[PDB]
Each structure stands twice: as structure tokens, then as C-alpha cells.
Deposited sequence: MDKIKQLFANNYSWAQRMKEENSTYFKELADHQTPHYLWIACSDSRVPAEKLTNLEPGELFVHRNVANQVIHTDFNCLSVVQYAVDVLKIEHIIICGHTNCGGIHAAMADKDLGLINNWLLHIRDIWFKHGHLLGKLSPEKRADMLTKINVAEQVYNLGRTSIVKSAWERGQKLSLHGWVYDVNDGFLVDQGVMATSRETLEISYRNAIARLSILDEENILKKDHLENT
């Protein structure tokens, strides 16, 4: 192992070079995302409370992610939760491949369920565009799952200001693109989710 030594070297050089010269958002992103949230958003370290998992999921009964959410909402009183996906997501491609990759396959079955849920849409899409579309639909679905948590519903019910957001950044331009699901209440969840799916389901003439 030389890569560990290289990492210590780079950390030392960075820290030295730098010295020579209340979080407000919960950010839920993917483990294989290339650009850190803070870089994408030009925020100061500490501004974001960050959870990262494979393919940026909010699975209904994932104690890990739900714990981060409950802590953020009920304890940190964070007012904004952002789910950020990205193009060329290895998690998404892994979910779409037909290989048993072992335990991770069970995690990615939730994504496969989303694929089936939108099977009519994705079936009408030319196969090479399907990954990008799934990546976007996934973000929309994860915001919907987040807004359906007991944690978020309760926060809203008691009058706590809390907004949910779902974006995708394209590795080809670094722009965050809103996928259209934005919730500040259960009604705005339902409406913007339906709206967003309808919009995502309009395919360019690369159909069937």
C-alpha cells in the first residue's frame, strides 16, 4: 500500500498550504458522487449536514438515513433537506445490470422497484437514455419517500418550517438541475410529485 502514504502526504501538504494562506441544510447524496456538495454549492464547511449512501436513497425503514433525518429535523432544526443525485451514477447502473453483486443487490432492489413503477415510461425510452432517466426519476421518488416519513409529516403537522428538494447535477456541466419535486407540506409533496413525474414522462422524439 502506497496510496495510504500518498493520502497522508496530500493531507499534510494541503493543511500546510492552507495555513500559509450551525448547519442549515441536510444534504442527501450518493456515495460515488464525484464533486462534494460544498464544492458544488460554494458553501463553507459546516453549512451542510451530509448523509451519503449508494444511489442517494431514502428507504422507508433504513434506520441509518432516517436517524440522520430525525436528528436534522427535530434536533438541529434544519429547514431544508436536499436530495442530490448525479449522472453517471454507478449505483444506478449497478441497479440496472442483471448481475448478482451480492448483498448490495438487496439495497438496489428499491431502485429496481422504481424502474418497474415507471416501466411503461422507461420501456418507451431508447435503452441508452434509460440510465439518465432513472437517475432523475430516482431523485423524485426519494423526495416522495422523504416527505412520507413520520419524521417529516410530524414536523409539518406541528407547524415546523421544512422544505424538501430533489436535484441532479450533471457531471458534464456542474449545474444543479431541479427535478421538480419540492415540498413544504404534504399537499405540496403530493402535487409537485405528480407534476414532476408527469413532466419527466414527456420524452423527446427518441421514443420506442
query	finding
Deposited sequence positions missing from the model - stretches, numbered from 1, in order	22-33, 221-229
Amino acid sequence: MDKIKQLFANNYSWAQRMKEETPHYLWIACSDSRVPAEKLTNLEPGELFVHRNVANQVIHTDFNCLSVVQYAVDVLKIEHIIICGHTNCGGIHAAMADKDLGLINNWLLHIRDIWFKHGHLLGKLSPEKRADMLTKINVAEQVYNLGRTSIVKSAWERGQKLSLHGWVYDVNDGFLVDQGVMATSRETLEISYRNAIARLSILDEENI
From here on, numbers count along this sequence of modelled residues.
query	finding
Average Cα temperature factor in the PDB entry - higher stretch of 142-150, 29-37	29-37
50-58 versus 169-177 - greater average Cα B-factor per the deposited record	169-177
From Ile104, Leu125, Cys84, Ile81, residue of greatest CA B-factor	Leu125
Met96 by Cα B-factor - lowest, middle or highest third of the modelled chain	highest
Relative C-alpha B-factor of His120, binned into the chain's lowest, middle or highest third	highest
Lowest, middle or highest third - CA B-factor, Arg130	highest
B-factor third for the C-alpha atom of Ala198 within its chain	middle
Entry-reported Cα temperature factor of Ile191, expressed as the chain third it lands in	middle
